[PDB]
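Written out below as C-alpha cells is the structure these notes cover.
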Amino acid sequence: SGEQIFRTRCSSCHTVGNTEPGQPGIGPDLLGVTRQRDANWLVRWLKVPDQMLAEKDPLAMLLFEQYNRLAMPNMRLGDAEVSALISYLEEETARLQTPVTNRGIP
Ligand code: HEC
C-alpha cells in the first residue's frame, strides 16, 4: 500500500533503486536505507525534516551537504500513512535487492 503513497506524495524527488551512479538527483536512493540509517531517525526525520535541520541536529547537517546541498521540506503526512510507506521501503528492499550476481540493466 506504501507504493501508492510513494507514487502520489514522494516520487517528485525520489526512487527505490533508480538514481544515477554517484549522482543523487533531487534526492538519493531509498533502497536498502532502512538497513543502514538509524530506524528511529528515518521515520522521525520524515515527520519534521526542515525543522530538524533548523534544530541543527548534526546528523542531517552532515549528510545533506554531501548529496546535493538541497534541503527537504515537511510533506505533512499522518502517522499511519507514514507507517505504510515505511513498509513499502522495507518490503520493496526485501524483494528488489536482487543479490543474484546480476542487478545491472543491459
Ligand atoms: C524533494 C523536495 C524531496 C521530497 C519531496 C522528498 N525528499 Fe527525501 N530527500 C531529499 C533530499 C535533498 C535528501 C537529503 C536530505 C534528507 O532529506 O535527508 C533526501 C533524503 C532522504 C532520506 C535520507 C537518506 C539517507 O542518506 O539516509 C530519506 C530516508 C528520505 N529522503 C525519505 C523521503 C520520503 C519517504 C519522502 C516521500 C514521502 C521524501 N523523502 C520526499 C529531498 C526530498
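End of the sequence shown = 1390 in the working numbering, gap-free, step of one.
Backbone N, C-alpha and C fix where the C-beta goes; we use that ideal spot for every residue, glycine too.
The C-alpha of residue 1337 lies about 31 Å from the C-alpha of residue 1380. The closest CA to that of residue 1332, considering only 1373, 1374, 1359, is found on 1359. Taking the C-beta atoms as reference points, residue 1330 is found no nearer than 8 Å to residue 1317. Using a C-beta cut-off of 8 Å, the region 1297-1315 makes no contact with the region 1361-1371, since fewer than three inter-stretch Cβ pairs fall below that distance.
By DSSP's assignment, residue 1307 forms a beta bridge with 1304. In the displayed model, residue 1351 falls within coil according to three-state DSSP, outside both helix and strand.
Between the alpha carbons of residue 1286 and residue 1292 lies a distance of about 10 Å. Membership of residue 1336 in the alpha helix (DSSP H) is indicated by the continuous run 1333-1338. Contact check for residue 1290 against residue 1369 passes: the beta carbons are separated by less than 8 Å.
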